[PDB]
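First comes one chain, alone, set out as structure tokens in the form deposited in one PDB entry.
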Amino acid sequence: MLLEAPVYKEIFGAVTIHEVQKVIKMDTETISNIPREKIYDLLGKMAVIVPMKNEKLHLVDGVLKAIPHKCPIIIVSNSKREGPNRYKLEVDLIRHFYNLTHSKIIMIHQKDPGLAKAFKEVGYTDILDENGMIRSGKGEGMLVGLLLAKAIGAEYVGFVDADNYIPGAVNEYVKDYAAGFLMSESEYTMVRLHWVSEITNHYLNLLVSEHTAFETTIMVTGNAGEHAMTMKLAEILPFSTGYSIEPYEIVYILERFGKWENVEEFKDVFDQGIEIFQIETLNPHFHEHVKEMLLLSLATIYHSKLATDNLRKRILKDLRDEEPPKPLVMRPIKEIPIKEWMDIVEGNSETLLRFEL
């Protein structure tokens, strides 16, 4: 692959946000050259997590068929389990798919009681609802996929949505993730793909412009659902849910590493730095309350130890023209004895499906 070289960028404390780069050429033997083979090497160390809930089976099928064989696939379904039992429909698709491709894949249902059991017996209750079960939501699904990914030794994790109309785009996202990591110089790296979102980008940059003093545009992937991170970085990040996930990752990262403090708490991170790559894909986005998305994204910014007295004012008046709801946040999953957690997920979960993984 060929991409524009990473030239321009801005720094905030220990955070480096690279200017968006374009993919210049897809298949390859001011321009970065990431050989196709270095990408396939990294691919084998990247878990592609797919949190899903009632998506169209023909779309899920295409996304699955597009993920590079090399990549382990982790599916966390919070699909409807009755009248009709759709998890059941997905289980069937997954095995047919495995029978035709031998892809390495793990699938589990979010409501698996053997899953909720591992979280408690391990002390991690941040992901449970009042009925003692894992709360429905996208962040929780991502958290489960994340731990599963850690349990199999993944070094990188990429997120992909199962309702893409363009399988080829999914194939490019994964490769673009790899490309982002291969151009990184830090073990704490995030890759966010790019092709409302501007209002989120407008305020995220503003979140910063208000103490650098200079208006910026550098941030352009604030609602980037298609993103990837190294396991090291994912594991120390508190996660939100719903539409707050993407913008919140950015807000938290600046909040905690935008200045230098408690450097002792996260030594290696402050020293190695956090890099955020923003790659503009070659393919367009096509998939299938803009008001909630919009309110939750901005709520993420309005509520930080870093939003100014004035920044909040505009958001407010922008939203109105009664404050924004504080976003649900779950603690990092780093201090979870992954093995113990996995042992009891394996010995108690009734929906876990393993195929050569």
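Residues carry their position along the shown sequence, with the first being 1.
Keep in mind the form deposited with a small molecule bound is missing from the figure; the text below concerns it.
Using a 4.5 Å heavy atom cut-off, indicate which stretch of 176-184, 116-124, 273-281, 219-227 touches the small molecule in the deposited bound form. Selected range: 219-227.
4.5 angstroms heavy atom contact with the small molecule in the deposited bound form for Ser136: The answer is yes: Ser136 has a heavy atom within 4.5 Å of the small molecule.
Taking heavy atoms and a 4.5 Å cut-off, does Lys305 contact the small molecule in the deposited bound form? Outside the cut-off, so no.
May I ask you to state whether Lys53 is within 4.5 Å of the small molecule in the deposited bound form, using heavy atom distances? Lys53 belongs to the contact set for the small molecule.
Under a 4.5 Å heavy atom criterion, is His289 part of the interface with the small molecule in the deposited bound form? Although the small molecule is absent here, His289 would touch it in the deposited bound form, with heavy atoms inside 4.5 Å.
4.5 Å heavy atom contact with the small molecule in the deposited bound form for all of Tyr203, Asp309 and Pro324: Zero of three within 4.5 Å in the deposited bound form.
Pick from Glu155, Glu255, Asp268, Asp163: which residue has any heavy atom within 4.5 angstroms of the small molecule in the deposited bound form? Checked against the cut-off, the match is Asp163.
Note which of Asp112, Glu235, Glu246, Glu172 lies within 4.5 Å of the small molecule in the deposited bound form, where distance is taken over heavy atoms; exactly one does. None of the other options qualify; the answer is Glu246.
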